[PDB]
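Below is one structure, written out as structure tokens, with a few remarks after it.
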Amino acid sequence: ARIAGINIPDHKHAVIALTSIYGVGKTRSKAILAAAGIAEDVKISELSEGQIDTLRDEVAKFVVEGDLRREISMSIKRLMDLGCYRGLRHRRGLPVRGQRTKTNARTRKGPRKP
Amino acid sequence: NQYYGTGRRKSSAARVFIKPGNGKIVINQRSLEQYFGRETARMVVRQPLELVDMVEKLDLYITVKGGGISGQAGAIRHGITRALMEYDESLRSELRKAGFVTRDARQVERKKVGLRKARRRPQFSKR
Amino acid sequence: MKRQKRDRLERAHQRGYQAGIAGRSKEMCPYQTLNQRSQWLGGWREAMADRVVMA
Amino acid sequence: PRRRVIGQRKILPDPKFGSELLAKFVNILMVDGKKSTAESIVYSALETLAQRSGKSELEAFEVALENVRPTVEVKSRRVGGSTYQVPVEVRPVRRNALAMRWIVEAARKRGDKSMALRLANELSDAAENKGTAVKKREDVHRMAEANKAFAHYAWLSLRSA
Amino acid sequence: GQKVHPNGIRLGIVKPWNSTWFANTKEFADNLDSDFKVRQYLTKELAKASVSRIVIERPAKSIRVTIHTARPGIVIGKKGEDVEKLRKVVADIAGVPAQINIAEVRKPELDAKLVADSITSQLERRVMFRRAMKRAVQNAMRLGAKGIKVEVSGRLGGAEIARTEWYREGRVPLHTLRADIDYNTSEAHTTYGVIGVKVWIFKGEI
Amino acid sequence: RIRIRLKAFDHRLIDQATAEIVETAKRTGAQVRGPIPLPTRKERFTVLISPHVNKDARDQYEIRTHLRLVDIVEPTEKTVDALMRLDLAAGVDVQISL
Amino acid sequence: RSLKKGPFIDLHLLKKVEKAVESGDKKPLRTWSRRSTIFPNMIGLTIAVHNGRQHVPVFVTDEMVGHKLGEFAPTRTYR
Amino acid sequence: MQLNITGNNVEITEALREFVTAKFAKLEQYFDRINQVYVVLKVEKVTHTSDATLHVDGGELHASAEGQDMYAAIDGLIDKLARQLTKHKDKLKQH
Amino acid sequence: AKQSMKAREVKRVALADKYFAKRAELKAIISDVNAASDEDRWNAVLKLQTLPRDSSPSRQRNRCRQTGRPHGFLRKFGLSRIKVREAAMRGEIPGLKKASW
RNA sequence: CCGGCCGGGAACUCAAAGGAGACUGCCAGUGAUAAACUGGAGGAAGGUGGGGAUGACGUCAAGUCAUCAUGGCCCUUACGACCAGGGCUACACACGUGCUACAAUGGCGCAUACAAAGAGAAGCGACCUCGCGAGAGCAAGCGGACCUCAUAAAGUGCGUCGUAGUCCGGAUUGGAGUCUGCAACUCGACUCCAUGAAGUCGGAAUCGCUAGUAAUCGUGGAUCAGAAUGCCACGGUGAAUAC
RNA sequence: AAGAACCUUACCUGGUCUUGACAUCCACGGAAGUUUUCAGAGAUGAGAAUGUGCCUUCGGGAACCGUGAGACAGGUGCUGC
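The listed protein sequences correspond, in order, to chains m, i, v, g, c, j, s, x and n.
Numbered according to PDB author numbering, the first sequence spans residues 1 to 114.
Numbered according to PDB author numbering, the second sequence spans residues 3 to 129.
Numbered according to PDB author numbering, the third sequence spans residues 1 to 55.
Numbered according to PDB author numbering, the fourth sequence spans residues 1 to 161.
Numbered according to PDB author numbering, the fifth sequence spans residues 1 to 206.
Numbered according to PDB author numbering, the sixth sequence spans residues 5 to 102.
Numbered according to PDB author numbering, the seventh sequence spans residues 2 to 80.
Numbered according to PDB author numbering, the eighth sequence spans residues 1 to 95.
Numbered according to PDB author numbering, the ninth sequence spans residues 1 to 101.
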């Protein structure tokens, strides 16, 4: 119950249980078990350590927690350093993709202060 | 010999051929149980064969098409009663009483304009 | 969309009963046919007693 | 309505048991226009009502139902400034449907894992005179019997049957 | 502005269509466009000819304009030359050739287009609209219409407020679908603005 | 072998032009497979009815395309030219197939 | 995230760059083609993208290559 | 009670919105609990007219006042609304 | 509705039929995957800017042909929703009548 | 080659032209012997059978001078005409109409059953290869009861999830793409990987709905190069209640 | 509004045209049309080649294109009171 830095659930099935890693979801999580020879419905208590070490270097291929967080921070901070339109929206907290801003915009905005 | 009743219900039409035979019911070259006989309202095809007797008396070759599950089911329920035409108003006079011969002509209504699904109106509300 | 409720016979009753209770001691707002006037007045006189039993 | 003692239609009986009361009960918790899974909830609940009660299923449901069917029901009326509730007797068609609505709501509460387990336990305590729908039954009888002093004019339940 | 068009509500039942051509969906629009332009063109050109209604048919890459008028002598002109004078300019703006016909009405006091053109022209030359609007009703009813209703609308004598008048006489049942009602509408461009004239003429039941 | 399919807007005019071709193909030759009806196309057009606002006031319309088959089984040379120079009742459109 | 094959430029921007690069680093290039990409032989230039009422100059930097010219010239002004 | 102001051909200035709002608030406080109020200002070449729609627990109630200077129309509309409110209020007291 | 706009529409019809469907080979034949994906293809997507911009079929508006009204059009009829009611109730569009079912 | 697949058949579904049928026609009672009402029979349907179209005289000096037409006024080297770029998509906020949820009557995975209506020629686009996929290449067929869009979905059987912000929810954002069109930056749609917000059923106030209705589930059309959570249609499942 | 990237588009900033983008009347030239270059954001302006029948009245009769004088054209500009 320690891969990629954390991986601590138990009593869960394996392909759902790997998805607490920041960088994996239900497709890459099936790619890990299908690429590491593990059936998808086993539990983390039911894995033996001679499988779990073969899953640690398996998930060491795709980018995980820290490298992905400083990577996405490099992307957003890069755009804000260029000062393009997208990064100009990132510097101000408005929708980047071109959503409606007259009415909703409220996930990127936050709560409503007035 | 062989006797026929048409029967239809809710955009769904049956063709019922009844013969003096065993107690088997065939629907669209399948059996009843493997067509819908554990699905929703399987009783409504054996139901007109309950006020009359059917046990190993008459086998049924039914081809229903169009509509859905209970539309085909009520279609067959009308088709069997229509196919009790050689078994006369001794049986159909006692088969008026429990229904079974009205076509049950309730069709789905058309969507009216301005209304959303023919009665629902788009909520002039004060809040 | 269906047909009238209790075809003025014992609706004529409860009109005479409501009109009996809410004052109207005229007994001079009935129907004019006999089978409805008879129990407009019937509900009226059944409503006088129900006025004595209360305020 | 103002008019129309309406041309009334009947219902289909239940397939697995010879009952139309049971088919009405399926139509009560038939949420969202979907009869088949409500039939699976009802059958799955009467099975464990039989195993958790010993006796048969139709009599299990009916004995479990007659401890929540009511007799008197309040009707809220206002005259002048007051707005008091007046006990009307429930008519025996409305009676069992008003029982089953309380069973089904009290099963939508109470939350266990499954709906057949919730409704099975709720019918079990309805046999036990213990659960929620008997508390609502006794609330209705306490407030109609508490407001019993009103038997009057014409706006409710003419002479007899 | 709340009634159905009483010529259009009964288009399969009583009245015939003004166009009797089949066109598949690739040529239906243009086949209706040139169909429009010969009606605009003939309506503009034959304005003195007292035209009732023109019916366009398209047999086999050709065209036929049947011209319903009251005075076919002004239409054919001297010797019949003006028919060909119309037919060359019809064939230029339609699919060449053209077989135009005339189908005159011998009772022009019962045609709703010609009554409305009559009241239109008389209001253009400034007659009293009760005299014109009433004289149309008289001239239909003493000639054999089972009903008529004329309505004029607008300034109607230079008033600062517009109003309508209408002088029905007899039966004009607008809701009976088998009832034959010739409705038509014309417009009179007076120097105070537009005066709209619409006339219903009820004739029979089948 | 001739597949004559014809479509029009009025049923009481296409059933007139169909009787104007069965009497042809039975007047000369024989073996016609009946006036076969086909399903009617029902193009529906819903338009707004005011020149401005009042969206809910509409006007629904339809045109009807009626179709009929003929199916001449054995053609005669009087029949294939009897189809020619006889194409009247404008409003009916005809197609021959071989 | 569009235009599968080849970047987009106009001929009056491509020929205007290939004219004004071999002719030395010069005056800022007035451009109206906002919709065109930024090629790596445009690095080092002051191009003035038209935003609607200005021609705002932006020095083309190395990171700006995959973007377009209108991306670095805002149109609406807020506060 | 939130007052919504709108104007057909009447440019709603900030001094105009302050006064109308004050008058509406004063009326709302005096007669009944009011949920929402819509105000419409129209100018038709001579007539400065005003419409108001109050949404109150009983329901909608509306009034309209023509004036000379807009302010007069607003005052008339507010007095009319107050009168309507008195009627609705004890119309649903009626003990 | 604005004769300027109406003539602008027929100008775009004229150039849209003049250039493309004759020089649609610059994209429908050249700008493809083949063994010709060199600077002939870049010469093609380079080339379509030289053509008049008002030659593409996607600058058409498909207006009404009695009024030029840009909104509310019918491709079957060629008329806007006002004029097709005006001609439908008159009896112009053949076979068209009011529908009810 | 058990595929309506093939000779064949014209019964049946169906197509869609013509007819028949339902009119208080018959019976019993009530009623001024009247109109009518209540109940019964027969019948597919019984009391204007269900639904639509149809909107009286008028009101609101309601809406439209930006569909059009038109009286008057105003501009006519500009309020007219052409082009590029932008804006119509801005956002402290307020209101209206909707979609998706908050889950176990469910989510997910596998297997599998049943529709009606419609559209299609610079268009709809099989099959077969390549791609995880949006899609790409070749390319038949079809101006269509034939060919294509086009696998209906809810449902059903099996397995798992065990009541948690969870295997709910799918917002936002990053990366990589596809298609359309000269051209997806402002500002398109979609796909893939990742990210995983609010939300645990909504105060005061408020709306629709009486039966194939409500409520849910999918499908199609127009407008359209591309761009529906809207509109207009169609079917599936299908209630409660009216004293 | 039954579907605003351009167009639509009516609004804004700039770049231009004036009997005009669209219609008629008068005169003078030219077949119309077609391939390509330069400049420019494009409109536009400059070109470079190609092209020539319908009736003999023949400077034409057409269709089409340019320049010139106005009568005008045009206006989604105001008034739905």
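Idealized CB from N, CA, C, for every residue including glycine.
Taking residue i as part of the beta strand (DSSP E), name the residues at either end of that continuous run.
{"i": "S34(c)", "result": "Premise fails: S34(c) lies in the alpha helix (DSSP H), 28 to 45, not in any beta strand (DSSP E)."}
{"i": "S101(j)", "result": "96 to 101"}
{"i": "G59(x)", "result": "59 to 67"}
{"i": "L52(j)", "result": "48 to 52"}
{"i": "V50(s)", "result": "47 to 51"}
{"i": "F19(i)", "result": "18 to 21"}
{"i": "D63(j)", "result": "62 to 66"}
{"i": "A12(j)", "result": "7 to 12"}
{"i": "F60(s)", "result": "56 to 60"}
{"i": "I54(c)", "result": "51 to 57"}
{"i": "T69(c)", "result": "64 to 69"}
{"i": "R69(m)", "result": "Segment 65 to 82 is the alpha helix (DSSP H) holding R69(m); no beta strand (DSSP E) there."}
Say yes only if the C-beta of residue i is nearer than 7 angstroms to one or more non-hydrogen atoms of the ligand GDP, and no if none qualify.
{"i": "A29(j)", "result": "The model on display carries no ligand, and the ligand GDP is accordingly not part of it."}
On the DSSP bridge assignment, give the partners of residue i in chain order.
{"i": "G204(c)", "result": "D180(c)"}
{"i": "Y63(i)", "result": "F19(i), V28(i)"}
{"i": "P87(g)", "result": "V74(g)"}
{"i": "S80(n)", "result": "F73(n)"}
{"i": "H13(m)", "result": "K43(m)"}
{"i": "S33(i)", "result": "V28(i)"}
{"i": "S19(c)", "result": "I56(c)"}
{"i": "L42(j)", "result": "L71(j)"}
Assuming residue i and residue j form a contact by the criterion Cβ under 8 angstroms, report the distance between their Cβ atoms to the nearest whole angstrom.
{"i": "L55(m)", "j": "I32(m)", "result": "7 angstroms"}
{"i": "residue 130(i)", "j": "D55(i)", "result": "Since the first residue of chain i shown is 3 and the last is 129, residue 130(i) is not available in this structure."}
{"i": "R62(j)", "j": "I53(j)", "result": "6 angstroms"}
{"i": "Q85(g)", "j": "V72(g)", "result": "So it is not a contact: roughly 11 angstroms between Cβ atoms."}
{"i": "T80(j)", "j": "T28(j)", "result": "That pair is no contact at about 11 angstroms."}
{"i": "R71(c)", "j": "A49(c)", "result": "6 angstroms"}
{"i": "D32(x)", "j": "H88(x)", "result": "7 angstroms"}
Give the range of the alpha helix (DSSP H) segment to which residue i is assigned.
{"i": "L33(m)", "result": "28 to 36"}
{"i": "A103(c)", "result": "Taken as a continuous stretch (DSSP letters only), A103(c) belongs to no alpha helix (DSSP H), as it is neither H nor E."}
{"i": "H141(g)", "result": "133 to 146"}
{"i": "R101(g)", "result": "92 to 108"}
{"i": "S44(g)", "result": "35 to 51"}
{"i": "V45(n)", "result": "39 to 45"}
{"i": "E24(j)", "result": "15 to 31"}
{"i": "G81(g)", "result": "First-last for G81(g): undefined, no H or E at that position."}
{"i": "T32(s)", "result": "Note, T32(s): premise wrong, no alpha helix (DSSP H); beta strand (DSSP E) at 30 to 32."}
Determine contact between the region 172 to 188 of chain c and the region 115 to 129 of chain c, defined as no fewer than three beta-carbon pairs at a distance below 8 angstroms.
yes
Could you pull out every unbroken alpha helix (DSSP H) segment of at least 4 residues lying fully inside the region 1 to 58 of chain x, listed in chain order?
14 to 31
- [ ] Run through the region 131 to 203 of chain c for me and flag every whole alpha helix (DSSP H) of 4 or more residues, listed as ranges in chain order.
- [x] none
Does the region 76 to 89 of chain m touch the region 38 to 56 of chain m, meaning 3 or more C-beta pairs lie closer than 8 angstroms?
Per the Cβ contact rule, the region 38 to 56 of chain m is not in contact with the region 76 to 89 of chain m (fewer than 3 Cβ pairs under 8 angstroms).
Runs of alpha helix (DSSP H) lying entirely within the region 66 to 114 of chain i, each at least 4 residues, in chain order = 71 to 85, 91 to 94
* Do the region 14 to 25 of chain i and the region 10 to 22 of chain g touch if we need at least three Cβ pairs shorter than 8 angstroms? -> no
| request: Please confirm if the region 123 to 136 of chain c is in contact with the region 188 to 196 of chain c, defined as three or more CB-CB distances below 8 angstroms between the two stretches. | output: Cβ pair count under 8 angstroms is three or more, so yes.
**Prompt:** Are the region 67 to 86 of chain x and the region 9 to 27 of chain n in contact at 8 angstroms, needing three or more beta carbon pairs?
**Reply:** Flag = no, the region 67 to 86 of chain x and the region 9 to 27 of chain n do not touch.
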